[PDB]
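Below is one structure; the comments refer to it alone.
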Amino acid sequence: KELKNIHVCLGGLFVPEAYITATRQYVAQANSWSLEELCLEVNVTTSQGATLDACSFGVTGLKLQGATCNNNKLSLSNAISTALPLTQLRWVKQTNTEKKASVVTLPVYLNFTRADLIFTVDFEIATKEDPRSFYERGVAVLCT
Amino acid sequence: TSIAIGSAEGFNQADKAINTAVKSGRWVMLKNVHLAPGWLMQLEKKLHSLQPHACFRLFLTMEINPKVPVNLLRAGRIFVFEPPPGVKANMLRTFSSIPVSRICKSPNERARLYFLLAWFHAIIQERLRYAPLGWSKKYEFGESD
Amino acid sequence: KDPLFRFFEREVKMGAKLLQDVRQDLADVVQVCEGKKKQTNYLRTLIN
Amino acid sequence: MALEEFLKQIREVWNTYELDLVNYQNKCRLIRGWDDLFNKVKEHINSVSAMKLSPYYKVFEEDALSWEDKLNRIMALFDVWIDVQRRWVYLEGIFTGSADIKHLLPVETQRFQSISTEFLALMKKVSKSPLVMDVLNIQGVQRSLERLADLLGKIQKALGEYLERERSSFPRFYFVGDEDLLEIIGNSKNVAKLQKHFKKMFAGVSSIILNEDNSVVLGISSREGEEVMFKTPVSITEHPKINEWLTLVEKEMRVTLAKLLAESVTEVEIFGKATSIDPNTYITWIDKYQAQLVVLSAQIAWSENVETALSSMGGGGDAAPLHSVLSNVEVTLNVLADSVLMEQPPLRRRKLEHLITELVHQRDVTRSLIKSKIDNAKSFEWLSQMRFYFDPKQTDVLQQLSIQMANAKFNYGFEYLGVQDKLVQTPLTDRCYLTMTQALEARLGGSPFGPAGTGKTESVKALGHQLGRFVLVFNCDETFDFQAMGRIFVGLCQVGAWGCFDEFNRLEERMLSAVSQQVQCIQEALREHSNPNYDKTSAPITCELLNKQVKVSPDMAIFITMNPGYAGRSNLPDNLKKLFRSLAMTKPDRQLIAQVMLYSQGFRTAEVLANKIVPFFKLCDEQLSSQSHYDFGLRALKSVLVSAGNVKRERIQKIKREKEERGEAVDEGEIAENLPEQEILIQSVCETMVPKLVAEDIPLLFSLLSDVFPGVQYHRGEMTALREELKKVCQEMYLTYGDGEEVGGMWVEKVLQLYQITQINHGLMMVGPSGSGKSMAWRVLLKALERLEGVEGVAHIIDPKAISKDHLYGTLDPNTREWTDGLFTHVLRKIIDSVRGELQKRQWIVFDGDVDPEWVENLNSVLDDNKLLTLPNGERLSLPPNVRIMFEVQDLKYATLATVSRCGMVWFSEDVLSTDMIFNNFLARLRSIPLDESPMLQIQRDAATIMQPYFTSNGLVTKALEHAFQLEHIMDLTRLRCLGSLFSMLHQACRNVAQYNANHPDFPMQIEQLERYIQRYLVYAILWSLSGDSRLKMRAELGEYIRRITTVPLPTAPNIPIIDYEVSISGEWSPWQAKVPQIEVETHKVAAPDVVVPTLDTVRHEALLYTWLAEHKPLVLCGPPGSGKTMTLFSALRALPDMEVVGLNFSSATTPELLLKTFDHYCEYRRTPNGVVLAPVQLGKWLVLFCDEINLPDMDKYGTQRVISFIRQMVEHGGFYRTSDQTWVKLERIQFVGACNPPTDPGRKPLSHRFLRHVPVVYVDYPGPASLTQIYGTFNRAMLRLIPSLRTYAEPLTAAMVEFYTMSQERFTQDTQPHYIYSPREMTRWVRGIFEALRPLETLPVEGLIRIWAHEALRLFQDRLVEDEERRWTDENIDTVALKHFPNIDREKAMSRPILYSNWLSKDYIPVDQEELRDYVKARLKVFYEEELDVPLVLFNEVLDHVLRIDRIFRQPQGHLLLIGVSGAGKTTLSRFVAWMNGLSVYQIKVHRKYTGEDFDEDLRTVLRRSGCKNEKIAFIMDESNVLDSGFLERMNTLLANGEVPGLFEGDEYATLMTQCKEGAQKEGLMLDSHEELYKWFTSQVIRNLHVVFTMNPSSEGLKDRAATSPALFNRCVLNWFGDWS
Ligand SMILES: Nc1ncnc2c1ncn2[C@@H]1O[C@H](COP(=O)(O)OP(=O)(O)OP(=O)(O)O)[C@@H](O)[C@H]1O
Ligand SMILES: Nc1ncnc2c1ncn2[C@@H]1O[C@H](COP(=O)(O)OP(=O)(O)O)[C@@H](O)[C@H]1O
Ligand SMILES: Nc1ncnc2c1ncn2[C@@H]1O[C@H](COP(=O)(O)OP(=O)(O)O)[C@@H](O)[C@H]1O
Ligand SMILES: [Mg+2]
Ligand SMILES: [Mg+2]
């Protein structure tokens, strides 16, 4: 039971993608859902150690490149990197409600080389910022 | 006469082309000469003891390989071809390479289309200098594109 | 049955095996540098 | 009385059986009925062999031998006659049909006319007496056949230029091999023999259709049986020439398809624009027209319907008739889906699946058009799609159809494609179609790139098939040079065919650059063909290819498929890359592929299943452990989906069968509704993915299956009838069979899994560690399938790494451009030809060896969907459906993903074959197979009964095996190496009992004595088999563990280890020290090369080697150099009089050629009815190949040693392959023994675990200080008997020798310098040096003996030292050691500063003064100037020392010198000066710019002839600069050690050498006549007459490099470090 409620550094894992699949398997088995029906949603909380629900998993060490996360809203920044305090990975059913027109799919690369892609995160933008501007400025998420 | 170096008969065509051109005065270009460094040393020796035609020119295409003979580099004139330093230099190279007649055709809107193409090509090529941020890998966005 | 235990156990297995190999290799390097054991082909590569 | 009856049947059959003759064009009567003749001989040979089994065979033994001989002669005679007659048939047609061959090839025609007349002469002789026995007794009929076969072959290879001219007439002949083309031209009259060659010239034409006369070509047919009837049949009588009527057939092919398409388009227009479609009418139209035309008509109808709808929508605000188009597509799709759900003929079913696949794409496109609101036909959303336009008003039928995509305009080539597996039109495929069509319009090439299994070459073929083009796939490798690629382009230019060069980057970078020139000019010719100003009535478009003007067809295209980042591939030049448009095909749209295929196969839940199986593979990829043999890409999904359709069909056919048996109910709807489609998908997944899974990954995948497919379980259907077949086969092969959880249950499951992969994949791979049961699994299955199905199983086992890649696939001659088949190509071609019915047998080509991309990617097209072996000469070999390509490997660490994804993997973990299964196999064979060839069997059965309790699970042997793995050994431990050594030793124990029974005929062994001997020997064998390759301390550690756990009686010595005891034949433990006496060596035999002082180590190792050698078991001695491995082996071989030993010295450049040359000299190949047998020339003697440096041969970048792979195949399989004719050669009476330094030593590579499985290893360590005192104290005692006064000093002399040797061995090691190796060999030379000095002297005081002792120490331990402080240490410690062991002596008299000994100033070897020596050398140097070399020298002290060191070596047999020092130091000048004084003749090789390996061989033969035949002493001085190639050192390495080179003298050189050797032996008065005796005398003379001086610079890295390239330089040559002048 404690293995579910530990905060895991994705960069330090030997195979980070197996953890994401393993958390996906646990949620489906517990909720009697099919594996393919599960979808991943991202929630960044400043207070590390916050309580995780039945389907939320906390991953730490993630670094945000070229953007700052505030109230789960991404904003373009002039800094090279921005540390994410605690990323809560939640597995939910697919509701196919289309995009919100302010949602950008950020790649989550293992490292700064941007060679191996672990998964993708669907963050939402704040204010009047352009989702194209995020694409042009190379905004991404780094595990380590 | 253009010859690609790398085949046994390719050296024969290179020798025949050079022997004829030094008298007729034509141009001979040999590409990928860096793949035959041993034959390059013989080529440099042959060129040193030679009295070619005034209009004869020999072009050697290589890839800045560290195995290119030093004596060949000293004997010949070196021109280094690389990505242009910036957007302004990138667009100047594009506009110079394209013939003036091609840009100026019957539709007067063709010129602006070429300018946008030149600007677009310059932007993506300059983004390659920043490998992780500009792209995800060093793509080969070159003249062929 | 728990998928998380399956993953975490596997990570420990690779980690422990790599930890033992690295520590044993470093201990051998100390022995060679101390003049207490003979240098082998693999130790020459590792030390180099 | 049955034996008479069998002989009566054989006699009557052969007295009446007549050769069946058929008239051949009124020229002769050819033999017909080949299969019946061969089967009769085969069944009669087997019957005679079965007759030999009966105990009453002896009375009829003689007569059966005659029948056995005659049957062998009959088989041998007609095994060649079938090839001679066949070659004559098509050679006669070429030399008679064409009236022009007599001029171009006049001499070749003359040879054939002479050969034909002789062949026709033999026709009448056979026709007169058609009886087989009569034609068998014809005088020299066999030898006449061998010459006729040889002569006919000579003409066949002499027609290459004629065939090249013939290929120009019909350009499709460029893709037909030389032999097949000769058959095509020669057998033009026999059109029926041409049906097997149409598949190589046409995309889908497998055979042509002819009338009863076989003179008019009515049409063509495909492999699946689909037939196209020509509108105007082609008459062969009107066009007799083969190329003339073949061109008409090809032309009529396109016209007929064009006319049939127009009729098909007219019919399908009714189905289009129709709200309701009658299924009966639609099915009739589908069955009426060909598969490619049915799909094409649907595309034309849909595109016209969409274009019409868009034209109506051209008003902008009008309605949307596109809904009507979408409605018609969906109505048509529903009819197709309904038809598939019910049973259809196989050809109609494939047509329906093709229609569903395209109409799904049409439905998707129409939905996209409706969604995006396109109202204009010029909109790019419609223009970017592929559109088909038909013009019935066009006069030319070939131009009626136009295919347009974006701005690219194409015409249908109307090539008959037969039935091809259509791909799912995914968005990635649309991107591929758009990009390649843009390249075609720009006249550039296509370059799809990406990882393995992304559907790149299939997409290119699909696009080519979409345009009706002939697409040829070429699997490119480094052998595709400029000429091969250019000739391929020439064929593609003239034919008008697409070239898909997959793995194009595997060419060399220089080859890729050179090829770019040919691609550039082809594109330029294509570009100028597109100019509208060009008129087809003008001159045709031509391009310069291979110095010729080649016409370029407009339909040509070049496509290259590449994997950029994979291993074994090169980097393309930039100028080549600009000629191709590249597309990144990385992520295939696999979700749509699964959905469409399952929908077309009849699955009702295709959308649900696709949404479940596609994520499942992704989850498996991201969850399962990373293994080298894991692939869950599109190919793994493709195999599962294909299996799902097959499993559903067999289940539907199954369910129908109970229903008709149980009652009368055949309803397709009810069966389809109550069909567990989700169970079917899991069955395909389990049958394809589970076998590759490792033990830990099976629960993960099963958990994934349960979560992806909840509530669905899979029960593996029991393959019952196969299991009893496996059980019977396992019983006959002494294997263990088990069911489920029983013993051997896992192994049987692996065999069943392996059987399932055979039914699914044509390419298999068996991955698993050594000794996991891989070989036994496929061997048992192959034999069991033969019993179960009645189909004969033939296996071709090939070691791909034991031979070069040229010998595996074949080579193209650089000059004559003639193709020579390789090992794999010859085997595959023989099966394809099916001359002896190889197509009716189950053919399994097993690759037992390492896999690397250099050789395995040549099989990429073979293991792909192409199933085709493409060769650089343009020839392609289709893989027969009965042929399986199997790989038996231990790992896939070096294989790329291109080949892993291409095979079905079965994983054999080491736990599959448990230890008790191996114990059962050993015990079963012991109780059944006698060791002698029964009293011997009874001994084995009694011994097996005694050993039964110990050979059980958790028993003594198992516990000892487990403990031995914890101890470390000199080499990596494997289970079978210990078990294999243990089993061989136990066999010797049984032979020991048999010998005792023979030695005591009256009183044989009883049960009580046998138990004592066997139980004690088992412990003795266990200790020496598990700890044989370990140090002495861990030999006792294993003995201590055994003592703790065993109950067998053991020696009661409180401290003596069990390893020091042996088992007497009486069944009692006896110490090994009882067999070690204090011998007294003869004075003249002091430290002789063959004298062995017996110690504890020597007696134990000799007995151990005798046990392994007597069983002819390969073995390896491991230890530090000079330990005694060669000494121990030869001593043990002296106890075996029937074994001759041949020494081979391995080096870094050692190849199997070294073994082959030894086989040529010492063995002979002989033809036997069972095949080729390689046996030693001497009868009754076993040849022992002693390889001294097995671990030095270089291991390539893929972790394989070719010579080690050669031996491993040649030890495990008992033979090798002769690359001269691709035949299997089986060894006989040939044994192998290896020696090596520890693998941790520099330059030593660890041996393969597969090789080490069959080869036990014994560790021979350096003798200890106690042993060294015993060995050399005996030598000193014998040597000092020359001078009785000095006999008292023998004990201190040995102590001083041992101490200084020990101190030097510790002070100087290989860490400082590579050559700082000190061994008992230095001690042996130390004893010889003193003995040789003491021998001439009648008397000598103690001081003189110590001076000799010090002088030898200086020459042995200080000459090789580099630094001056090392030499100073040796000088000081020599004084201290001598002063300690020898007190109260005159130190100044014995330890005078210059210790110099010479025989120049006196008769004997006595100390010399420096000034007297300097005067003598100066006087000799003066004379040396006028005589030999007029180069003045300055004499200093170091030169005087050096000339003495050179002189001492020149006075010794096989005395080779290695002088190391800076250039100009006088090394060569001193060597020449000393050789002149010693009478040697100085020889130096005159190297120059053009000096090559052949020149070095000529020089070596000159030296050996002078020094071996003429008895001339020669000082062969060679410099490191003279080494111009690695072969120079390889020849020198063999000459330095053995004194001979195996392959130096061959052919006329060998014959001339024997002539000279006979004269030389006569001049010596020796009675030598045989070649073997003469060569032995020649080798002995070379050893004692040739001295080799090697001079090299004192480099650091070069010195270490020479230690591995030429090991004999540091083991046979005395090293003198001249260095620089101090
Ligand atoms: N089912 C079985 N029952 C009993 N003994 C077996 C069985 N299968 C294999 N063996 C024995 O175990 C050993 C394994 O040999 P095998 O050729 O099957 O192994 P392998 O995995 O192919 O080895 P390698 O990697 O050397 O090719 C042999 O001595 C063989 O006789
Ligand atoms: N018991 C022994 N009796 C006599 N000589 C021995 C004995 N043990 C070792 N030696 C000496 O050790 C040397 C072994 O060298 P060798 O067998 O050629 O080494 P390797 O087998 O490694 O090539 C021999 O020269 C031999 O004189
Ligand atoms: N002791 C010496 N006194 C004078 N000259 C010497 C002496 N030793 C070598 N030389 C010179 O070295 C030259 C020959 O060099 P050589 O012995 O062939 O070189 P290496 O030792 O590399 O084989 C001669 O010309 C000779 O003059
Ligand atoms: Mg391919
Ligand atoms: Mg095997």
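The count begins at 1 with the first shown residue.
According to its header, the structure was obtained by electron microscopy, 2.8 Å.
Backbone N, Cα and C atoms are what each Cβ position is placed from, and that goes for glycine too.
According to Swiss-Prot:
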- D:412-643: region 'AAA 1' (REGION)
- D:450-457, D:768-775, D:1119-1126, D:1461-1468: ATP binding site (BINDING)
- D:1080-1329: region 'AAA 3' (REGION)
Other CB atoms, at most 10 A from the CB of D:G1461 (ATP binding site): 19
Of D:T454, D:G768, D:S772, D:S1123, D:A1465, binding-site residues neighbouring ligand 2, Cβ under 6 A: D:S1123
Nonlocal residues around D:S1123 (ATP binding site), in sequence order (Cβ under 8 Å, 6 or more apart): D:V1260, D:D1261, D:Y1262, D:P1263, D:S1319, D:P1320
Listed binding-site residues with Cβ under 6 Å from ligand 1, out of D:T454, D:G1119, D:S1123, D:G1461, D:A1465: none
Candidates near ligand 3 among the binding-site residues D:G450, D:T454, D:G768, D:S1123, D:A1465, judged by a Cβ under 6 angstroms: D:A1465
Nonlocal neighbours by CB distance (under 8 Å) for D:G450 (ATP binding site), same chain, sequence gap 6 or more: D:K456, D:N563, D:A584, D:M585, D:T586
Listed binding-site residues (D:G768, D:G1119), ranked by Cβ neighbours within 10 Å, top entry: D:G768
Number of Cβ atoms other than its own within 10 Å, given for D:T454 (ATP binding site): 24
Distant-in-sequence Cβ neighbours of D:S772 (ATP binding site), under 8 Å, six or more positions away: D:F908, D:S909, D:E910, D:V912, D:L913
For D:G1461 (ATP binding site), the three-state class that DSSP assigns: strand
Spatial neighbours of D:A1465 (ATP binding site) that are distant in sequence (at least 6 apart) but have CB under 8 A: D:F1618, D:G1619, D:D1620, D:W1621
Three-state secondary structure, which DSSP defines for D:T454 (ATP binding site): coil
